[PDB]
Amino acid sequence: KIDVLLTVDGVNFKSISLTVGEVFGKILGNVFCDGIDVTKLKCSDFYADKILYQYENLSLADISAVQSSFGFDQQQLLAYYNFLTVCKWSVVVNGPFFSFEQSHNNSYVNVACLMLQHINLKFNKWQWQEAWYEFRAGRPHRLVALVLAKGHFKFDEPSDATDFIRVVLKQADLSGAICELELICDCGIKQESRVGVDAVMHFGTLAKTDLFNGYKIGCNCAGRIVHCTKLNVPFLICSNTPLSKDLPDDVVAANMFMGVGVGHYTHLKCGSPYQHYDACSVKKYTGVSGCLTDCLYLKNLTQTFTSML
């Protein structure tokens, strides 16, 4: 007799005993254990005191529970477990970083995860924090399935790496990250205190210096200046439409997009040699591969600047 914990949410457990050699699925339905579909396996010693996840045909209470601990509705939960089954991409180590073999249009996952490996993150939900720790230890499969499900990504479809990063950062406790902005127009003037994902993620320019120095964006009046008066963040990602090949100052890592519609993502890190990543392969840097779309900064991101009034 083998003792196991049954759950849907990872918070509320039920104790059940199983008989050695019983097939899990015949007793419990579709079930996962430590990220692996064990429905067709037999109950061993190995599973003693382990946790088994059920996930189909949930009551309203169970849906609400998994909405708290995963962030999922019933449909996202099914996608999560499907992604765990179908996204078994080979992980390749290169020094302190890992990357994915090219497969099922995953370049946006590859470059998003390569960027994520430079930052530290705390998560509001236990499920996500555990997946993150696994990710930190070189086992990103569970985090990838959470993000893809959470974000409504479709399997085997070229997608957007900023979106993948954004899904992750929205699950993070970023409650101390502040960025104070002044928007200077001739039509009106606005000040904003952005917090959290709004503080660590900026869209419209790749360059951190553009936020400090101030930079123009299209308005309906003569011109809109976007200018940072106070910054205090653990990290900063500046993203833009793929337009430029000129790497800004101080970038730590960056995503690049090459294509005239559907396209391909590559990655660069600004290390002591400088490394260029295309799927699971690494190469000396010889210039941008397409256009920069995401740019990660780490150092000296506590600043105050003069207001422009």
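All residue numbers are counted from 1 along the displayed sequence.
Averaged over Cα atoms, the B-factor as recorded in the entry is higher for 228 to 236 than for the other of 156 to 164 and 228 to 236. Mean CA temperature factor is higher for 96 to 104 when stretches 70 to 78 and 96 to 104 are set side by side in the entry. Comparing C-alpha B-factors across 244, 255, 281, 30 in the deposited entry, the largest value falls on 281.
Out of 187, 137, 199, 114, the entry records its largest CA B-factor for 187. Among the modelled residues of its chain, residue 293 has a C-alpha B-factor that falls in the lowest third according to the deposited record.
Residue 83: CA B factor in the lowest third of modelled residues in this chain (values from the PDB entry).
Residue 65: CA B factor lies in the lowest third for its chain, per the PDB record.
Among the modelled residues of its chain, residue 204 has a C-alpha B-factor that falls in the middle third according to the deposited record. Placement of the Cα temperature factor of residue 144 within the chain: lowest third of the modelled residues, per the deposited record.
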